[PDB]
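Structure, as structure tokens:
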Amino acid sequence: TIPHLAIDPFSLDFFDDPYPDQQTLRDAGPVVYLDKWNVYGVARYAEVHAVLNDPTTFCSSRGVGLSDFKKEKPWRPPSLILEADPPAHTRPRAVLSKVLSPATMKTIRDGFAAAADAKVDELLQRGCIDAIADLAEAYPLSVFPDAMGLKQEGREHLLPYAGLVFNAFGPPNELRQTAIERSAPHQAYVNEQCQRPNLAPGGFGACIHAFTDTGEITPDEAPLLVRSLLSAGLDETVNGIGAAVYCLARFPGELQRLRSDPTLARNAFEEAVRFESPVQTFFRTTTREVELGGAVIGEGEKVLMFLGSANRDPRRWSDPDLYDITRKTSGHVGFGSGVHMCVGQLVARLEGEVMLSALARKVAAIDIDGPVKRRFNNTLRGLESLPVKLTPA
Ligand code: HEM
Ligand SMILES: COc1ccc(C(=O)O)cc1
Ligand SMILES: [Cl-]
Ligand SMILES: [Mg+2]
């Protein structure tokens with residue numbers, strides 16, 4: 001009843017061009033079985049959405065990577081939020097929600113916007129730049145470590161650690177094993193910065209610690225919760241901004257619409273998140289036997305959700321392969337859905353909005369002018385190098 005496929009969704013060949021294989025995964029059936037890794041897969045929008053919104057059956061506390069925490073040891077102590085189910089999930093989630101709240105966005109918006117404007121003006125003086133290293137990476141590194149309240153020393157470990165986190169959700173292939181091997185210096189840096197004295201008062205990390213006074217988290221929970229914000233947030237946002245720049249270069253009509261109404265910047269970034277889905281995949285583990293789209297899945301089984309495929313499923317989206325900055329993007333699963341839906345989504349949207357606003361107001365054209373290179377990661381989709389020439393408005 002369940003079709004078995006040999007597609008490896010963690011192979012370099014798949015990362016290089018995943019979209020034909022994603023259609024094969026969708027059209028095979030609502031539920032497939034991937035023989036390469038012995039997991040179930042759901043690639044259509046309806047089942048991916050249903051699984052995300054059924055946390056008592058499709059749980060997160062046994063890991064959201066391939067590894068089942070009931071069978072194997074986690075490579076680092078489990079996240080208190082990502083790798084937890086309700087009710088244990090609830091109070092750490094509430095703390096991060098308040099630390100990254102709408103009210104908090106007011107305190108950082110002016111500096112985040114000012115840094116984006118300044119970066120675009122700096123890049124316009126150079127003309128020919130790498131939109132990853134010099135923009136998609138440089139901009140988040142210029143605002144987010146400061147807003148966390150990190151010291152200057154050691155920040156060279158931040159991008160390597162985020163790459164490791166997302167490679168470690170994958171299967172035990174070369175990308176994962178290379179990342180975890182000799183990763184101790186990255187872990188040691190990150191764990192040290194999670195201690196209260198190393199976090200600047202007023203920043204995100206210090207505010208997490210301040211919530212230990214309230215009873216929502218204990219002081220011994222706060223370092224692991226800070227760790228969540230040094231794990232998530234950097235690489236996915238880098239990849240989303242780089243994909244937006246790529247899209248505005250490949251779809252010049254959409255850059256022109258954005259230039260004509262810069263208030264479309266926020267939705268232009270949301271559409272980039274749907275289009276690219278920087279987080280391609282996550283797993284759940286079944287807590288009981290369950291029927292899903294006619295498929296009977298046993299207990300204790302890993303279920304792979306193709307978020308990127310769900311965001312391109314023609315059963316749900318018109319012209320899913322087009323970048324459309326006025327698309328009604330509500331309902332996309334690029335940030336997840338349900339109790340775990342990205343608690344950092346307002347920070348992500350702020351960074352993406354203000355960068356795309358700066359481009360909309362200052363740049364007349366974005367032309368690819370060098371070899372484009374893909375960045376390979378077991379969980380993240382994104383570019384390594386994007387040489388462009390920026391023409392000033
Ligand atoms: C475009 C950028 C981003 C994308 C595509 C993204 C994607 C996601 C997705 C798909 C989830 C759901 C995980 C699941 O269901 O298991 C998630 C959760 C989460 N994200 Fe993001 N994220 C982004 C930016 C950020 C930022 C900027 C931060 C921090 C400031 C962040 C921190 C988190 C955390 C802590 C969670 C766990 C929430 C929970 O389990 O309740 N992410 N993210
Ligand atoms: C969605 O990606 C992540 C990765 C790590 C964490 C965490 O370490 O809590 C949360 C979300
Ligand atoms: Cl760590
Ligand atoms: Mg400082």
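Naming works like this for the structure tokens: A, B, ... for the chains as they're shown, residue 1 at the start of each chain, ligands 1 onward in shown order.
The contact shell of ligand 3, defined as all polymer residues within 8 Å when only C-alpha atoms and all ligand atoms are used, comprises residues 76, 77, 161, 186, 187, 188, 189, 190, 191 and 227 of chain A.
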Return as an MDAnalysis selection string every polymer residue, whether protein, DNA or RNA, with at least one atom no more than 8 Å from an atom of ligand 1; count only C-alpha atoms and all ligand atoms. chainID A and resid 52 60 64 81:84 89 93 96 100 228:241 273 277:284 307 333:349 352
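Counting only C-alpha atoms, the residue from A:264, A:217, A:393, A:297 that sits nearest to residue 94 in chain A is A:217.
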Write out as JSON lines a residue-level contact list of chain A versus ligand 4 with cut-off 12 Å: for each qualifying residue the closest pair of atoms and the distance in Å to one decimal, counting only C-alpha atoms and all ligand atoms, rows sorted by chain and residue number upward.
{"residue": "A:145", "atom": "CA", "partner": "ligand 4", "partner_atom_place_in_ligand_line": "1 (Mg)", "distance": 9.4}
{"residue": "A:146", "atom": "CA", "partner": "ligand 4", "partner_atom_place_in_ligand_line": "1 (Mg)", "distance": 7.3}
{"residue": "A:147", "atom": "CA", "partner": "ligand 4", "partner_atom_place_in_ligand_line": "1 (Mg)", "distance": 10.1}
{"residue": "A:148", "atom": "CA", "partner": "ligand 4", "partner_atom_place_in_ligand_line": "1 (Mg)", "distance": 10.1}
{"residue": "A:149", "atom": "CA", "partner": "ligand 4", "partner_atom_place_in_ligand_line": "1 (Mg)", "distance": 6.7}
{"residue": "A:150", "atom": "CA", "partner": "ligand 4", "partner_atom_place_in_ligand_line": "1 (Mg)", "distance": 6.2}
{"residue": "A:151", "atom": "CA", "partner": "ligand 4", "partner_atom_place_in_ligand_line": "1 (Mg)", "distance": 4.5}
{"residue": "A:152", "atom": "CA", "partner": "ligand 4", "partner_atom_place_in_ligand_line": "1 (Mg)", "distance": 5.8}
{"residue": "A:153", "atom": "CA", "partner": "ligand 4", "partner_atom_place_in_ligand_line": "1 (Mg)", "distance": 8.8}
{"residue": "A:154", "atom": "CA", "partner": "ligand 4", "partner_atom_place_in_ligand_line": "1 (Mg)", "distance": 11.6}
{"residue": "A:155", "atom": "CA", "partner": "ligand 4", "partner_atom_place_in_ligand_line": "1 (Mg)", "distance": 11.2}
{"residue": "A:193", "atom": "CA", "partner": "ligand 4", "partner_atom_place_in_ligand_line": "1 (Mg)", "distance": 11.9}
{"residue": "A:197", "atom": "CA", "partner": "ligand 4", "partner_atom_place_in_ligand_line": "1 (Mg)", "distance": 11.8}
{"residue": "A:198", "atom": "CA", "partner": "ligand 4", "partner_atom_place_in_ligand_line": "1 (Mg)", "distance": 9.2}
{"residue": "A:199", "atom": "CA", "partner": "ligand 4", "partner_atom_place_in_ligand_line": "1 (Mg)", "distance": 8.4}
{"residue": "A:200", "atom": "CA", "partner": "ligand 4", "partner_atom_place_in_ligand_line": "1 (Mg)", "distance": 6.7}
{"residue": "A:201", "atom": "CA", "partner": "ligand 4", "partner_atom_place_in_ligand_line": "1 (Mg)", "distance": 10.0}
{"residue": "A:202", "atom": "CA", "partner": "ligand 4", "partner_atom_place_in_ligand_line": "1 (Mg)", "distance": 11.6}
{"residue": "A:203", "atom": "CA", "partner": "ligand 4", "partner_atom_place_in_ligand_line": "1 (Mg)", "distance": 10.3}
Do you know which residues are at most 8 Å from residue 374 in chain A counting only C-alpha atoms, after dropping those on the same chain fewer than 6 positions away, and could you put them as a PyMOL selection string? chain A and resi 16+382-385
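Restricting the calculation to only C-alpha atoms, the smallest distance between residue 176 in chain A and any of A:9, A:369, A:75, A:44 is found for A:75.
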Residue set, range 184-309 of chain A restricted to helix (DSSP H, G or I), as an NGL selection string: :A and (184-193 or 196-198 or 204-214 or 222-231 or 234-250 or 252-260 or 262-276 or 307-309)
